[PDB]
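One structure below.
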Amino acid sequence: XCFXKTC
Amino acid sequence: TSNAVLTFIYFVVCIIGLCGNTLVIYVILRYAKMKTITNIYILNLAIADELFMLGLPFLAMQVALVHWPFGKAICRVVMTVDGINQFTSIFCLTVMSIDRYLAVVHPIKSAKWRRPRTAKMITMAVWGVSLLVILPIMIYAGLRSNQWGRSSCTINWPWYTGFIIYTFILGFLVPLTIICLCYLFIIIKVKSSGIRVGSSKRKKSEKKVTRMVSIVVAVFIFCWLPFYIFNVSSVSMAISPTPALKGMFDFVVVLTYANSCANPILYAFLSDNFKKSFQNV
Amino acid sequence: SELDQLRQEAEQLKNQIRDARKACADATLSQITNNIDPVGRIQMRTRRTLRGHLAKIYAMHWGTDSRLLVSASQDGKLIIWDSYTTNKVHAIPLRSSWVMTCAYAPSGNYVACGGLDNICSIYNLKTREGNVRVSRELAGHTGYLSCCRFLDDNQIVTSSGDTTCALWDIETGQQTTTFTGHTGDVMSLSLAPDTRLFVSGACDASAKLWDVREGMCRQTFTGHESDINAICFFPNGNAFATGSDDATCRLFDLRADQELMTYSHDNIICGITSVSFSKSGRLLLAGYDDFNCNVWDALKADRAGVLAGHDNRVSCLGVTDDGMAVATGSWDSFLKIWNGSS
Amino acid sequence: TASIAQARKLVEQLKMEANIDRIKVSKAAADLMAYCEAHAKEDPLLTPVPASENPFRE
Amino acid sequence: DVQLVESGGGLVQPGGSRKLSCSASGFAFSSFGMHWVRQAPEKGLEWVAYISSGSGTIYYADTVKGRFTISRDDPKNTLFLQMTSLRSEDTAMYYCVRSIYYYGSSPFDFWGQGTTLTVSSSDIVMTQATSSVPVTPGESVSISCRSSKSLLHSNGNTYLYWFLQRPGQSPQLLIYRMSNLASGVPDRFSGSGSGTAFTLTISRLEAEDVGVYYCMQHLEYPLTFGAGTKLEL
Amino acid sequence: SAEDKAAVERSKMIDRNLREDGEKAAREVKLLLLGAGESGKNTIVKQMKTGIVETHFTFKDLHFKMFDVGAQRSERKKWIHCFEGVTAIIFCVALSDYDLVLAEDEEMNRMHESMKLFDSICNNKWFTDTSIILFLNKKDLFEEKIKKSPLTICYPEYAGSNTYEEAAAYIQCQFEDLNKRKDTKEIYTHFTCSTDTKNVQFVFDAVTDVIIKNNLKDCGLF
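Chains as they are written, first to last, in the deposited numbering: chain F, 1 to 7; chain A, 41 to 198, 204 to 326; chain C, 2 to 343; chain D, 6 to 63; chain E, 1 to 121, 136 to 247; chain B, 6 to 54, 182 to 354.
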């Protein structure tokens with residue numbers, strides 16, 4: 001899915 | 041409309057986060073207090089919060105038409121400076137609260153440690169810890185192109206779940222558990238002095254401007270908490286991709302970039318000198 | 002019986018000289034100075050910036066080579082600067098940190114300082130060993146001490162806030178003269194270029210000319226409405242400027258016994274903490290206390306310049322022997338060394 | 006007799022300043038005007054120094 | 001007043017090592033830059049080392065660089081020099097010289113009394143072509159020496175340092191920076207010149223102005239003496 | 006050059022010695038000691054041990197400088213800016229001068245020669261934020277005086293009650309009524325006792341409370 005600062 | 045206006049939200053953060061914050065670098069360098077202890081501790085938080093919003097328009101140019109506009113070595117270094125301008129802007133919130141702790145709770149035993157030579161050595165040392173906690177981004181600054189093609193900027197997985210909880214300890218919980226202690230022990234020793242031992246009727250102060258000490262965590266948790274919740278919800282319980290969640294999760298990134306739009310207001314307006322130095326200039 | 006005996010006699014005394022001063026007062030100075038040019042925009046840049054004092058700066062004095070300068074600050078350090086390369090030659094530590102004045106000997110061997118400790122210590126710079134040490138402490142004043150000025154290596158005139166100025170012999174260490182005509186606190190001194198006379202200003206709003214060998218008060222000038230804060234001599238030796246807490250400078254001529262030109266503007270009603278003249282005697286430099294120095298022109302009475310680089314108020318300023326510089330110390334711990342640029 | 010001792014101290018002193026020959030001001034203050042004409046060129050804050058031989062170059 | 005008495009040595013074999021110490025007294029030792037200057041038997045002066053005020057800067061001579069080391073001790077007021085693997089070229093009398101540098105100071109004024117050390121068995139040179147002048151007192155004598163570089167620096171001053179070593183004595187500073195007279199010297203001595211050629215002009219000789227008249231430079235390191243102009247009477 | 010590089014070496018040996026005496030001089034408490042004459046100022050300096185008589189009395193990990201300007205028979209408007217940056221101002225008033233007029237010009241009973249002073253000191257522009265310690269010096273000397281005569285000679289507008297502990301509600305509040313700028317400075321108050329601590333421990337812990345409210349104003353919060 002989404003991870004860090006984005007998806 | 042979900043990607044149009046919310047990308048334009050980034051640009052209003054990009055100015056006041058980088059122009060209302062850059063005047064703090066002006067009033068410290070020129071109209072100085074340049075080597076007191078409270079103005080080099082507030083200078084890194086003016087330096088780290090300045091160029092953090094400069095790493096925002098690259099990510100703002102991502103989320104409009106979502107893809108990486110470069111997808112190259114230079115996109116691998118934008119995510120390498122937004123870990124160094126974001127994990128030392130919230131360690132420099134933590135050293136200022138230990139600075140105000142030693143300035144107020146231990147007013148006599150401070151200046152043997154609180155001297156403006158070694159507060160230029162705490163300034164430089166706090167960037168050194170910041171590089172040792174982001175090298176899992178500097179190594180794996182890779183490429184991925186899963187959702188509807190259009191390759192983006194991210195961290196490429198090899204230790205996948207452990208990244209967010211690594212940034213949850215040193216990014217959110219430890220800078221909050223040190224601020225909320227060092228700003229709580231102030232509120233007891235303002236009442237334990239002015240209302241207990243060497244005292245007068247002026248003990249209103251422990252009830253009125255303790256609003257300003259609790260404003261700072263209300264900003265620090267309205268800006269940085271849901272972004273850490275939206276990743277720990279992302280990791281354990283997988284959900285379906287949603288255009289609204291592509292608009293929700295990309296609207297909680299800019300919430301964290303608002304914390305560095307308050308830290309110039311919250312720290313360099315209420316100060317002694319900068320209340321007059323900005324009034325002078 | 003005898004109280005109005007010499008009181009009514011005293012009304013004969015001043016009235017014999019009040020209108021007699023007006024008798025030789027044929028025309029205004031601002032009417033016969035229309036003939037000459039104005040000076041022009043005096044834009045001066047802080048070339049060097051001597052930083053290193055850590056409190057307010059209460060006096061500075063230029064050496065006689067126009068290169069060294071001593072500055073006395075309120076944290077109790079006397080510091081000798083190489084004003085060319087902005088570096089410290091000596092940093093003299095003081096026994097009492099309440100310095101209100103300092104001075105450079107015209108031979109360069111000696112520096113003196115005094116203040117609220119009622120003594121004017123002198124310090125031997127060029128000695129056999131490495132350090133600056135104190136030669137004589139000149140005790141004998143009972144007020145605070147506001148100006149030390151060296152005549153030569155062995156005579157130094159000091160004014161004080163017991164309404165007395167004195168002459169000294171540093172070799173013996175005691176007053177050879179005392180100059181008692183002032184009723185209020187004496188704040189300033191200015192030795193003559195020929196070093197035979199001096200003028201000193203007081204908190205009685207009157208300033209007086211003295212003779213160093215005679216010992217009597219040679220002249221007396223009124224004209225101000227509050228305390229006189231600073232006197233320097235003109236490069237003639239025949240004139241002086243009094244900067245007062247009435248926000249005004251005024252210019253007296255000793256042979257004309259009365260004032261000539263008054264330097265004020267309506268927008269400034271704060272005091273005047275220090276005065277110095279320039280090599281022509283064309284620029285009156287005066288360090289005010291709305292935090293900036295004003296460079297008055299002595300013949301036209303206009304603000305010819307402003308030196309606005311100072312945070313707090315300008316407490317001292319001195320111009321060199323050849324006219325090459327002007328330092329201004331101030332209460333924010335810097336000396337801005339100015340110079341005009343082509 | 007203390008206030009009369011200062012009084013003849015005050016009376017005879019101003020008569021020692023009453024004998025001062027004073028010159029009229031357009032004769033006297035013009036000699037302050039005539040001073041600068043021999044020292045106008047030699048004052049560096051007044052007239053611009055040649056910047057090379059100027060010791061204060063930044 | 002001032003006294004710089006040094007010691008240590010007298011016979012050390014080649015391949016050996018000997019430590020020198022210069023004990024200072026009577027002056028503010030931690031304000032002064034120290035030197036060592038050696039002098040071979042029947043030969044001239046030549047510079048050895050340096051420590052600036054507060055141990056900041058240390059220069060050496062290229063003949064001894066790495067073999068010698070210099071150390072100062074400001075609470076004890078004692079200057080050291082440790083010398084390793086001694087050559088026969090290291091046979092000289094060693095002098096402890098003080099020096100102070102601020103605006104207007106006279107460096108190299110006080111020299112020590114000296115310590116002999118014998119063993120058993136690019137940069138500017140200063141040229142004094144003259145080696146012997148037999149004269150009578152009462153008349154003017156000009157000593158002159160030449161430089162490779164123009165000693166006039168851009169700040170304004172010209173670093174040549176005249177000296178005088180009386181027989182059986184220690185050198186002493188006559189004219190520091192080619193023009194100015196030092197402390198204790200009479201007014202009869204004077205120096206002048208411009209750029210590369212200089213002259214030391216005594217106006218009237220005495221019975222104690224007889225000796226060897228050295229010249230040193232101080233424009234850049236190393237500091238180099240020439241052979242002296244011996245005077246006779 | 007090469008000799009200039011040893012001038013510059015010597016000059017930043019000076020600079021690192023100014024900035025080691027100037028960090029050990031912002032760590033000491035400076036207190037201007039004032040008073041209206043016979044005010045028991047000698048009594049206070051006796052506990053804590182021609183121009184300035186600078187007294188140092190450092191006792192509890194905290195260096196103390198106290199500057200007695202007692203002999204300066206001159207204008208106070210001309211040297212009072214020397215004490216602008218100062219921590220506190222220890223103002224003394226003897227409480228056993230309440231019916232004691234001055235022989236100068238048949239003046240009022242010396243409390244209008246102290247309220248004359250205190251209103252000038254507390255409302256002075258260099259001491260707008262300089263919090264003023266107050267001392268009431270003669271405590272067990274005017275308990276004998278209050279029986280013989282009340283405090284109606286000094287102020288005839290007082291209530292009454294004729295008690296030693298009443299006079300705080302008369303005299304002490306009458307001084308702190310002259311504190312015009314009440315936002316910035318906080319007048320501390322004490323009754324000068326002959327005990328070892330409680331006249332010098334009070335100046336210690338009520339100058340901690342100036343120090344802490346100086347840091348809190350400097351570190352943004354207050």
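Note that CB positions come from ideal geometry on N, CA and C, so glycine has one too.
Would you please verify whether the beta carbon of residue i is less than 8 Å from any beta carbon of chain A?
| i | result |
| --- | --- |
| B:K257 | no |
Under three-state DSSP, which class holds residue i?
| i | result |
| --- | --- |
| E:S88 | helix |
| C:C271 | coil |
| B:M53 | coil |
| D:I25 | coil |
| A:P286 | coil |
| residue 203 of chain A | No coordinates are present for residue 203 of chain A, because the numbering of chain A runs from 198 directly to 204. |
| B:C305 | helix |
| A:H146 | coil |
| C:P94 | strand |
| B:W258 | helix |
| B:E14 | helix |
| A:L175 | helix |
I'd like to know if residue i contacts chain C, where contact means its C-beta is closer than 8 Å to some C-beta of that chain.
| i | result |
| --- | --- |
| D:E22 | yes |
| B:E207 | yes |
| E:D1 | yes |
| D:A45 | yes |
Counting only the same chain and skipping the five closest in sequence on each side, list residues whose C-beta sits under 6 Å from that of residue i.
| i | result |
| --- | --- |
| C:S277 | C233, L286, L318, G319 and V320 |
Decide if residue i is buried, meaning its Cβ has at least 16 other Cβ atoms within 10 Å, or exposed.
| i | result |
| --- | --- |
| C:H266 | exposed |
| A:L69 | exposed |
| A:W153 | exposed |
| E:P41 | exposed |
| C:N88 | buried |
| A:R116 | buried |
| E:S7 | exposed |
Below 7 Å CB to CB, which residues in the same chain sit around residue i once its five sequence neighbours on both sides are set aside?
| i | result |
| --- | --- |
| E:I216 | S154, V155, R202, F203 and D223 |
| E:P14 | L86, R87, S88 and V119 |
| B:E239 | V233 and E245 |
| C:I37 | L300 |
Measure from the C-beta of residue i to each C-beta in chain B and report whether the shortest distance is under 8 Å.
| i | result |
| --- | --- |
| C:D291 | no |
| C:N313 | no |
| C:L336 | no |
| C:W99 | yes |
| C:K15 | no |
| A:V242 | yes |
If you drop the 5 nearest sequence neighbours on each side, which residues of the same chain put their C-beta closer than 8 Å to that of residue i?
| i | result |
| --- | --- |
| C:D118 | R96, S97, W99 and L146 |
Is there at least one Cβ from chain F nearer than 8 Å to residue i's Cβ?
| i | result |
| --- | --- |
| A:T128 | no |
| A:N196 | no |
Determine, for residue i, whether the minimum Cβ-Cβ distance to residues of chain E falls below 8 Å.
| i | result |
| --- | --- |
| residue 362 of chain C | The question about residue 362 of chain C has no answer here: the residues shown for chain C are numbered 2 through 343. |
Chain H partners of residue i, CB-CB under 7 Å?
| i | result |
| --- | --- |
| E:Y235 | Of the protein chains in this structure, namely F, A, C, D, E and B, none is chain H. |
(message) Within 8 Å, do at least three Cβ pairs link the stretch 299-319 of chain A to the stretch 289-306 of chain C?
(response) no
(message) Can you confirm whether the stretch 24-36 of chain E touches the stretch 126-140 of chain C when touching is taken to mean that 3 or more C-beta pairs between the two stretches lie within less than 8 Å?
(response) Under the 8 Å Cβ criterion, the stretch 126-140 of chain C counts as touching the stretch 24-36 of chain E, having at least three qualifying pairs.
(message) For the pair the stretch 134-150 of chain A and the stretch 223-242 of chain A, tell me if three or more CB-CB distances fall below 8 Å.
(response) yes
(message) Closer than 8 Å is the cut-off here; do at least three beta carbon pairs connect the stretch 225-241 of chain E with the stretch 9-27 of chain E?
(response) no
(message) With three or more beta-carbon pairs closer than 8 Å as the criterion, would you say the stretch 72-92 of chain E touches the stretch 37-50 of chain D?
(response) no
(request) Report yes or no: do the stretch 166-184 of chain C and the stretch 201-213 of chain C share at least 3 C-beta pairs separated by less than 8 Å? (result) yes
(request) Kindly confirm or deny that the stretch 207-216 of chain A and the stretch 237-246 of chain A touch, where touching means at least three C-beta pairs closer than 8 Å. (result) no
(message) Between the stretch 275-287 of chain A and the stretch 309-325 of chain B, can you find at least three pairs of beta-carbon atoms closer than 8 Å?
(response) no
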